[PDB]
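# Examining the three-dimensional arrangement
One-letter residues, chain by chain:
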Amino acid sequence: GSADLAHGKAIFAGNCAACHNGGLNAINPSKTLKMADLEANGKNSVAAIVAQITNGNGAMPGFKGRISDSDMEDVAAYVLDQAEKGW
Amino acid sequence: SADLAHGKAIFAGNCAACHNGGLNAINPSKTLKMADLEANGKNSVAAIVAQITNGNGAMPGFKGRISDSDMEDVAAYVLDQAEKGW
Ligand code: HEC
Ligand code: HEC
């Protein structure tokens with residue numbers, strides 16, 4: 001495994017897992033982190049997940065200034081990898 | 001009571017997305033059950049108004065989005081449901 005992925009996993013647990021436990025979505029069940037939902041919303045890329053983390057959307061807050069760009073890349077890679085291999 | 005029905009309406013419009021049925025899917029250790037409010041020192045009008053105003057963790061604040069009067073109505077609704085059982 002990658003050290004970046006393991007680092008992204010830890011950042012995910014601290015910042016994302018309460019709302020996206022197991023790649024789901026507590027608030028909005030139509031916007032999970034499953035690959036099919038990511039693809040249906042054009043979010044199945046590192047750049048699009050980083051943009052989502054940075055700006056947020058709807059009931060998801062933005063993390064600009066609270067998570068470094070480098071850490072955002074790590075968590076984006078963690079999410080996409082889990083999505084591709086199945087949460 | 002015009003206050004409790006109004007608080008119910010403000011709750012449906014602002015809190016039900018995360019606290020439907022008095023639960024808390026994001027953080028299941030912090031529901032709106034009276035027992036959880038007691039466990040966190042939140043079983044009071046003053047404490048719930050502060051929570052609404054400032055938020056905490058994954059809960060946003062509502063300052064400027066809900067009037068002070070409506071916040072008191074929401075707090076009374078929550079405590080009434082908590083006491084009766086959601
Ligand atoms: C609750 C306060 C959340 C936090 C913390 C995190 N996410 Fe989120 N996310 C949340 C909601 C309510 C939504 C839907 C927003 C909308 O406007 O509909 C999302 C969405 C996403 C997505 C898009 C999913 C899709 O299109 O299927 C992604 C990729 C995503 N969220 C990622 C993500 C990350 C990496 C987080 C930790 C930094 C994170 N979210 C936190 C709710 C909340
Ligand atoms: C998700 C975007 C939320 C919305 C909208 C509302 N609440 Fe919330 N609430 C949420 C979380 C994640 C938490 C736990 C916060 C933490 O730091 O751990 C809470 C907590 C409360 C509490 C305390 C409950 C307890 O057992 O201690 C109360 C009294 C509360 N929330 C009330 C409340 C009201 C009245 C809302 C509508 C104005 C509201 N919340 C919206 C998540 C979210």
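Residues numbered from 1 in each chain as written, not as in the entry; some residues may be left out. Chains lettered and ligands numbered in written order. Heavy atoms only, no water.

- Judging from the entry metadata, X-ray crystallography is the method by which this structure was determined, and 1.93 Å is the reported resolution.

## Description of the coordination of the iron atom of ligand 2
Residue and element names in this part refer to chain B.
- Coordination of the iron atom of ligand 2 by the protein comes from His19 (NE2) and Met59 (SD), over a distance range of 2.0 to 2.3 Å.
- Geometry at the iron atom of ligand 2 is octahedral, judged from the 6 donor atoms that bind it and their angles of 82 to 179° at the metal. Taken together, the residues span a long stretch of sequence, with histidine 19 in helix α2 (residues 16-19) and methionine 59 in the loop between α4 (45-54) and α5 (68-84) at a distance of 40 residues.
- Judged by relative accessible area, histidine 19 falls into the buried class, the value being 10%.
- Judged by relative accessible area, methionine 59 falls into the partly exposed class, the value being 23%. (Donors = N, O, S within 2.8 Å, 3.2 Å for Na, K, Ca; no water. Tetrahedral: all angles 85-135°; square planar, octahedral: opposite > 155°, others 65-115°. Helix = DSSP H or I, 4+ residues; strand = E, 2+ residues; numbered from the N terminus. Buried < 20%, exposed > 50% of the residue type's maximum accessible area, 1.4 Å probe, protein only.)

## Examining the site of ligand 2
All names here are of chain B.
- Neighbouring ligand 2 are 25 residues, the closest being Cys15, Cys18, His19, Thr31 and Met59.
- A distance of 3.5 Å is found between an oxygen atom of ligand 2 and a side-chain nitrogen or oxygen belonging to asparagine 40.
- Here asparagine 56 contributes a side-chain N or O atom positioned 2.9 Å from an oxygen atom of ligand 2.
- Looking at the shell around ligand 2, the elements that each hand over two or more residues are α2, α3 (34-39) and α4.
- Looking at the shell around ligand 2, the element that brings in the most residues is α4, giving 3 residues.
- Considering only residue class, the shell around ligand 2 consists of 13 nonpolar, 9 polar and 3 charged. (Near = heavy atom within 4 Å. Polar contact = N/O pair within 3.5 Å; in protein donor to acceptor, adjacent residues only side chain to side chain. Nonpolar A, V, L, I, M, F, W, Y, C, P; charged D, E, K, R; others polar.)

## Quick look at the UniProt feature "binding site: heme c" in chain A
All names here are of chain A.
- On the UniProt side, "binding site: heme c" is annotated at positions that read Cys16, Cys19, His20 and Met60 here. These annotated residues cover 45 residues of sequence, but their C-alpha atoms sit close together, with the largest distance between any two at 10.5 Å.
- Here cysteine 16 lies in the loop between α1 (3-15) and α2 (35-40).
- A relative accessible area of 15% means that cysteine 16 is categorised as buried. (UniProt positions renumbered as here; feature names shortened; annotations may be inferred.)

## Digging into the environment of A:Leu80
All names here are of chain A.
- Residue placement: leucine 80 occurs in helix α4 (residues 69-85).
- For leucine 80, a relative accessible area of 17% puts it in the buried group.
- Put simply, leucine 80 and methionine 35 are 45 residues apart on the chain and 7.6 Å apart in space, counted from C-alpha to C-alpha.
- When residues no more than four places from it in sequence are discounted, the contact partners of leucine 80 are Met35, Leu38, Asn44, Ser45, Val46 and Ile49. (Contact = heavy atoms within 4.5 Å.)

## Comments concerning the UniProt feature "binding site: heme c" in chain B
All names here are of chain B.
- The feature "binding site: heme c", as annotated in UniProt, sits at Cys15, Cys18, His19 and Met59 in this numbering.
- Those residues in contact with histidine 19 that lie beyond four places of it in its chain are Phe11, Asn24, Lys30, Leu32 and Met59.
- In this structure, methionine 59 is in contact with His19, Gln51 and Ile52, ignoring residues within four places of it in sequence.

## Thoughts on the side chain of B:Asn24
Residue and element names in this part refer to chain B.
- For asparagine 24, the location among the structural elements is in the loop between α2 and α3.
- On the accessibility criterion, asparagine 24 (11% relative accessible area) is buried.
- Only 3.1 Å separates the side chain of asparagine 24 from the backbone nitrogen of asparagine 27, close enough to count as a polar contact.

## Some points on the coordination of the iron atom of ligand 1
All names here are of chain A.
- Coordination of the iron atom of ligand 1 by the protein involves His20 (NE2) and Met60 (SD), with metal-donor separations of 2.1 to 2.3 Å.
- The site at the iron atom of ligand 1 holds 6 donor atoms, and with the angles between them running 84 to 178°, its shape is octahedral. On the criterion of sequence distance, the pair formed by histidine 20 in the loop between α1 and α2 and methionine 60 in the loop between α3 (46-55) and α4 is long-range, its members being 40 residues apart.
- You can call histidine 20 buried: its relative accessible area is 12%.
- Taking relative accessible area as the criterion, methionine 60 reaches 23% and is therefore assigned partly exposed.

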